[PDB]
Structures are given as structure tokens and as C-alpha cells.
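Enquirer: once you've seen the sequence and the experimental structure below, I've got questions.
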Amino acid sequence: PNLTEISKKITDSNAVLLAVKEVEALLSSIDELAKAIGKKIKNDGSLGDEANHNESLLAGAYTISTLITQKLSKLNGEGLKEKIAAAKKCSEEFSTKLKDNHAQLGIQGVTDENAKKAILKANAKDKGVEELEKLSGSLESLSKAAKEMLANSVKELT
Amino acid sequence: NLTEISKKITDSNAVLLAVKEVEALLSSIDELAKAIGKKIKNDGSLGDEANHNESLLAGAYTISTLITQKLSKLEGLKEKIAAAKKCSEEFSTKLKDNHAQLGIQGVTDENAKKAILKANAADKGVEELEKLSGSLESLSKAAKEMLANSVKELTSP
Ligand SMILES: [Cl-]
Ligand SMILES: [Cl-]
Ligand SMILES: [Cl-]
């Protein structure tokens, strides 16, 4: 086993995987935001109902979406190139769908129903959530491939 | 001894990944803070729609409790994980304790920024957010050092 070269493959694969994990976590944060649709912080630490004031919550989801795109615009690794480009495209289609639906998602008093169509995966139509789901799938594929590359480099140490 | 070093690399990678996930959740709160008082515009910019921040803050709060849960699930890092976990609880509790300004209809931009906008020159949570950020940076640095040092062992003679 050429330990110098295996060392470099491990380092590079870890660096890709770290960047992918950061993007996956940012996607997870949008799922958390979706739990706050139509909600407020109560004194008892629960979320209480306060329907139909979701505009700045959705602006937060949008800002996170553009950060995801910026990370994917810079990230690279052989057989990851296509998966990264695909994820970057999906991330742009998500942001574009939100912007295109500004007349429902970017007004005073954005309704719970419209916010759910943008970012709540459990929503049953699409104002962004289908693009969010495709983005999640694209990142899962990228993660699986990045993890397999790291696992293969570590295995060469036998 | 490559079997022992491989284990150290895979375990250190796994810890580092878990730490980076938490740091990225904290990053998302910093991005939420950019949306205080804002709405999505047709041209892709954020436009002003002031003083409707309660559900945005409920989102930050939800993320903050997830941070604590992930830290609860995490060698050589015990003290730094415990510090980060405590800081994360203190941030969530500060938000909840400020419900009278952060959990009402029409939360103002000013009060939202005192909760989650770092370096806000105008405390309703930001100081706790900043302490949490520093505690996760210290944990991240330690986890990175443990991975880097394990990898460096591979080529030692
Ligand atoms: Cl559309
Ligand atoms: Cl974990
Ligand atoms: Cl008030």
C-alpha cells in the first residue's frame, strides 16, 4: 500500500464529504423551518399557533437556499462531478421556484398553506417543495458516492 | 500499525462530520438573521417587510433545539462537547425566556436582531448565539486536529 498516496486520497475524500455534509445540514435546517410555519415561541418553550405571517420565515429559507447553491458552485471532487452539477442545478430550481411564486410567498401575510407548498415535505400544488425534495435526493446520491470513495480509500490500508 | 490507525481515522472522520453538521445548523441561523424584516422579491433579492419576525424566530428556535439534540449524541472531546451542549441549551432558553418580545404578533426587526443577529450593535439571545458559535469552533478545531494527526501517522517511519 502506497501510504503517502492513500493518505492524500483519504484527506481529499474527507474534505469533499465534509462539504457535502454541510450542505445536507443546511437542507435539514429548511425542514426545521417548515415546522415553524404558522408558529410562534411560547413562554412554556413550545411552538404556539399564529397562522399566516410566514413571509420572513420563507425569506430565511430562500437565503439558506442561495447559500447551498454557493457551496455547490465551488465544490468539486472523477465520478462526483456529474452529481455535484446535478445538485447545483436542483438547488437553483428550488430558489427559482420560490422567487417565481413571490405573489404568494413574498407578501405581507404569507399563509400557512402557501408556505407549506414551498417548504413542508409532508405537504400533499408545488410552490417549491417538490424542488426541495429533488434537491434532497440529489444530495443523498452525492453523499452516498462521497462516502463510498472515502470508505474505499480507508480500506486500501487493509 | 495500520489497523489501529485506520480505526482512528474512521472514528475521527465520523466525529468531525457530526460536529460539522452542528456548525452548519448554526450557520443556517446566521442566514435566517439576514432575512429579519424581509420578504422574497421577484428579482431574487430580499425586500423590506418590517416587523413580522415571529415565525422566523420560531424557526431559529426549532433549529436551536436540534443543535442540542445532535450534541447530546456525541474521546478527547468530552469537555468541549459538554461546553457546547450547555451553550446550546442557554441559547434556546434565552429565546424562550424572551417570548414577550420574540413570540408575539408582529415581532419587530430590532428585537429579532437582538436575538439572532451576531455583532448587533443595538441582549435577547445574540450573546448566547455567539458563545455557542465559539464553543463549536473550538470543538471543530479539536476534531479536525484529531483527524489530521491520525492521518499524519500513516506515513511515519
Ligand atoms: Cl411557478
Ligand atoms: Cl452522531
Ligand atoms: Cl410588543
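Expert: Done, it's in. Numbering: from 1, shown residues only, chains lettered A, B, ... in the order given. Ligands and ions are numbered 1, 2, ... in the order given.

Enquirer: which SSE is residue A:118 in?
Expert: Secondary structure from DSSP states H and E places residue A:118 in helix A:112-119.

Enquirer: got a list of what the closest residue to residue A:126 other than its chain neighbours touches?
Expert: What sits nearest to residue A:126 in space, not counting adjacent residues and going by C-beta to C-beta, 6 or more residues apart in numbering or on different chains, is residue A:117, at 6.4 Å. Using the backbone N, CA and C atoms, a C-beta is placed for each residue, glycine as well. Shown in contact with residue A:117 (C-beta atoms under 8 Å, 6 or more residues apart in numbering or on different chains): A:123, A:125, A:126, A:127, A:128, A:129.

Enquirer: neighbour-wise, give me the winner out of the residues you listed.
Expert: residue A:128 (31 neighbours; other C-beta atoms under 10 Å in any protein chain shown).

Enquirer: report the buried residues of stretch A:136-145.
Expert: A:136, A:138, A:139, A:142, A:143, A:145 (16 or more other C-beta atoms under 10 Å in any protein chain shown).

Enquirer: likewise for stretch A:69-82?
Expert: Quick answer for stretch A:69-82 (16+ other C-beta under 10 Å): A:69, A:71, A:72, A:75, A:77, A:80.

Enquirer: can you tell me which of those residues is nearest residue A:12?
Expert: residue A:77 (7.4 Å; C-beta to C-beta).

Enquirer: so who does that closest one touch?
Expert: A:12, A:13, A:16, A:84, A:146, A:149.

Enquirer: now do the contacts for the residue in chain A that ligand 2 sits nearest to.
Expert: Ranked by C-beta to the ion, the top residue of chain A for proximity to ligand 2 is residue A:21, at 11.3 Å. Shown in contact with residue A:21 (C-beta under 8 Å, 6+ apart): A:143, B:17, B:20, B:21, B:24.

Enquirer: helix, strand, or coil at it?
Expert: Three-state assignment for residue A:21 (DSSP: H, G, I helix; E, B strand; the rest coil): helix.

Enquirer: quick check: closest non-adjacent residue to the residue nearest the centre of chain A.
Expert: Residue closest to the mean C-alpha point of chain A, counted by C-alpha atoms, centre = their mean, is residue A:27 at 2.6 Å. Residue nearest to residue A:27 in three dimensions, not counting chain neighbours: residue A:136, with 5.8 Å by C-beta to C-beta, 6+ apart.

Enquirer: what distance do you get for that neighbour to chain B?
Expert: Here the criterion is C-beta to the nearest C-beta, to the nearest Å. By it, residue A:136 lies 15 Å from chain B.

Enquirer: check which helix or strand covers that residue.
Expert: Secondary structure assignment for residue A:136, by DSSP H and E: helix A:129-155.

Enquirer: gap between that helix and the chain center?
Expert: In terms of C-alpha atoms, centre = their mean, to the nearest Å, the centre of helix A:129-155 is found 12 Å from the chain centre.

Enquirer: and if you look at stretch A:24-32?
Expert: The chain centroid and the centroid of stretch A:24-32 are separated by 6 Å under C-alpha atoms, centre = their mean.

Enquirer: for it, output the C-alpha coordinates as PDB.
Expert: The C-alpha trace of stretch A:24-32 is given here as PDB (Å, rounded to 0.1, in the frame of the first residue of the first chain):
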ATOM      1  CA  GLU A  24     -27.100  18.400   3.800                       C
ATOM      2  CA  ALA A  25     -27.300  20.000   7.200                       C
ATOM      3  CA  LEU A  26     -28.400  23.300   5.600                       C
ATOM      4  CA  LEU A  27     -31.100  21.400   3.800                       C
ATOM      5  CA  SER A  28     -32.100  19.900   7.200                       C
ATOM      6  CA  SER A  29     -32.400  23.400   8.600                       C
ATOM      7  CA  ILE A  30     -35.100  24.100   6.000                       C
ATOM      8  CA  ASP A  31     -37.100  21.100   7.200                       C
ATOM      9  CA  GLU A  32     -36.800  22.600  10.700                       C
END
